[PDB]
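A.B. asks: these are from a larger complex, still in place; more later:
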Amino acid sequence: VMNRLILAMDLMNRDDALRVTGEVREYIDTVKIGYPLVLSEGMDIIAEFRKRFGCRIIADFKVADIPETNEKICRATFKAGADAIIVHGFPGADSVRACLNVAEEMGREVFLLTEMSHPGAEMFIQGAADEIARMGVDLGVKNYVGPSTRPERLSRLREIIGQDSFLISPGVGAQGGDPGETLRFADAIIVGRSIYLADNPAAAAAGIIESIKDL
């Protein structure tokens, strides 16, 4: 990813989302779009962004349903133009395999979310996260998501998935995570609020990048 930085575009109205993404485009090549924006402006916003910015789009839908419904969600998401979709591994292997089958059919990618970055992740997800990561490896998953807020857990996740797997990580900035430390284990960092709520989003992105390039 350009500059190893992925923008989490979670503003909820089209005009502000387009403005901020355009302001930081020279510093990124990948935008993560989720439900806050899609449920407010429609799935057509994915194709609009992909075209307008010529960026790769990751649909962060944290898919967490039964196999049959996960297939339908993945199919609609790829039909809308997304390059990849983020899927929860907590619901099990069949649910993840349903997503992988659709990505294979459509020439796209699945990112497996192992451990989440917020405090509540410690209650149930953290204890199952190493096993969720191993399950991903056993299913042939090559793209993963792990927590910036717990670099020791990000390290253990990297250990399980190997150096060849691609690992992205949210929780940088607003949630407390550090760009440099996170990039010791992740290939790219996801940043949302630290950039999109900034008085000058481009300056915020530029500052993050400067603290990175020094790695």
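C.D. replies: That came through fine. Numbers count the residues shown, from 1 in each chain, chains lettered A, B, ... in the order given.
A.B. asks: could you list every residue that touches residue A:10?
C.D. replies: A:34, A:36, A:37, A:192, A:193, A:196 (CB atoms under 8 Å, 6 or more residues apart in numbering). Bear in mind the C-beta positions are built from the backbone N, C-alpha and C, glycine included.
A.B. asks: for it, give me phi and psi.
C.D. replies: phi -110, psi 20 (degrees, to the nearest 10).
A.B. asks: could you measure from it over to residue A:120?
C.D. replies: Per CB to CB, to the nearest Å, residue A:10 is found 18 Å from residue A:120.
A.B. asks: same check, this time on residue A:112
C.D. replies: 19 Å.
A.B. asks: neighbour count: those two, which is higher?
C.D. replies: More crowded of residue A:112 and residue A:120, by other CB atoms under 10 Å: residue A:112, with 25 against 10.
A.B. asks: and the more buried one, backbone torsions?
C.D. replies: The phi/psi pair for residue A:112 (degrees, to the nearest 10) is phi -100, psi 120.
A.B. asks: can you list the contacts of residue A:10 in a markdown table and add secondary structure, neighbour count and distance to residue A:166?
C.D. replies: Below are these laid out as a markdown table (DSSP: H, G, I helix; E, B strand; the rest coil; neighbours: other CB atoms under 10 Å; distance: CB to CB, whole Å):
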| residue | secondary structure | neighbour count | distance to residue A:166 |
| --- | --- | --- | --- |
| A:34 | strand | 17 | 19 |
| A:36 | helix | 16 | 24 |
| A:37 | helix | 24 | 23 |
| A:192 | coil | 23 | 20 |
| A:193 | helix | 15 | 24 |
| A:196 | helix | 23 | 24 |
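A.B. asks: next secondary structure after the longest strand seen in chain A?
C.D. replies: For chain A, the longest strand by residue count, based on DSSP state E, is strand A:56-63. Stepping forward along the backbone from strand A:56-63, the first helix or strand reached (DSSP states H and E) is helix A:67-79.
A.B. asks: what lies in contact with that following helix?
C.D. replies: Contacts of helix A:67-79 (CB under 8 Å, 6+ apart): A:43, A:46, A:59, A:61, A:63, A:65, A:85, A:87, A:94-95, A:97-99, A:101-103, A:106, A:108, A:110.
A.B. asks: slot chain B in:
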Amino acid sequence: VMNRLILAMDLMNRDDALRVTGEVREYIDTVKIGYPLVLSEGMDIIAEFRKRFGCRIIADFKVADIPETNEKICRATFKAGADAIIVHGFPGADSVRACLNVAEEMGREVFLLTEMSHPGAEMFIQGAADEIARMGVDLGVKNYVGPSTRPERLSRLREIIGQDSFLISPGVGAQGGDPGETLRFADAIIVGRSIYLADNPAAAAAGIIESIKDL
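C.D. replies: One more piece, chain B, placed on the ones above:
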């Protein structure tokens, strides 16, 4: 709910979804709409359904994000007219509380999904489900979702949440669950494919009700 039956309307195009829902309307008073229909036709479909059928609408979005994003998803969903939203409990208590706070602000309801109905639920969710249900009780959750495919687990969930809590249950029909046995513990059953893929959806719904009324 009318006849203790909730329709899971997971068809992906508006015309077929409207046709089937209209054909079975005399047998239900609540429609569960999820991402297969919303991501294909837009969030406006919720208000259209609520108005056209005068039914209560549960948005089955299996919300599974961090607190801040969960708040945004719930706000967009209630703004769209949904009466309730289904939320995963596995991300932890703060993620669930974020949904409860928005529901309180907007005069709506949250349903907490404890254990899922598909096979993969046995891998990680089942082992945490009793605790997820207890967490719900501690947070003051009054509406829950549990699996028709495992009535012994549905019984244990009912035991934890008490008789005053409202419990709905998917996995009836296509996934193997039985209407009557599930209703021994759940207040209402959720049915999707057994009705919407039937040659005559009204006859399928009527047949299910026949079993129910006999209880």
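A.B. asks: try the contacts of helix A:67-79 again now we have chain B.
C.D. replies: Applying CB atoms under 8 Å, 6 or more residues apart in numbering or on different chains, the external contacts of helix A:67-79 come out as A:43, A:46, A:59, A:61, A:63, A:65, A:85, A:87, A:94-95, A:97-99, A:101-103, A:106, A:108, A:110, B:10, B:12, B:34-36, B:39-40, B:118, B:120.
A.B. asks: ChimeraX command to pick out the buried ones of those?
C.D. replies: The buried residues among these can be selected in ChimeraX (16 or more other CB atoms under 10 Å in any protein chain shown) with this line:
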select /A:43,46,59,61,63,65,85,87,94,95,97,98,99,102,103,108,110 /B:10,12,34,35,36,39,40,118,120
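A.B. asks: which of the contacts of helix A:67-79 fall in helices?
C.D. replies: Using DSSP state H to define helices, the subset of the contacts of helix A:67-79 located there is A:46, A:94-95, A:97-99, A:101-103, A:106, B:35-36, B:39-40.
A.B. asks: pick out the most distant pair among these.
C.D. replies: A:46 and A:94 (26.5 Å; CB to CB).
A.B. asks: now residue A:138, what's its secondary structure?
C.D. replies: helix (DSSP: H, G, I helix; E, B strand; the rest coil).
A.B. asks: then residue A:6?
C.D. replies: strand.
A.B. asks: end to end, how far does stretch A:56-69 reach?
C.D. replies: End-to-end span of stretch A:56-69 (CA to CA, to the nearest Å): 25 Å.
A.B. asks: could you check how far it is from the centre of its chain?
C.D. replies: On the basis of CA atoms, centre = their mean, to the nearest Å, stretch A:56-69 sits 11 Å off its chain's mean C-alpha point.
A.B. asks: same question for stretch A:138-153.
C.D. replies: 11 Å.
A.B. asks: and it, which residues are buried?
C.D. replies: A:139, A:141-151, A:153.
A.B. asks: now, those residues that are in strands?
C.D. replies: Per DSSP E, the buried residues of stretch A:138-153 map to strands at A:143, A:144, A:145.
A.B. asks: of those, closest to chain B?
C.D. replies: residue A:145 (11.9 Å; CB to the nearest CB).
A.B. asks: what's near enough to touch the closest one?
C.D. replies: For residue A:145, the contacting residues are A:86, A:111, A:112, A:113, A:114, A:167, A:168, A:169, A:170, by CB under 8 Å, 6+ apart.
A.B. asks: what of residue A:2?
C.D. replies: Counting by CB under 8 Å, 6+ apart, the residues that residue A:2 touches are A:27, A:28, A:29, A:30.
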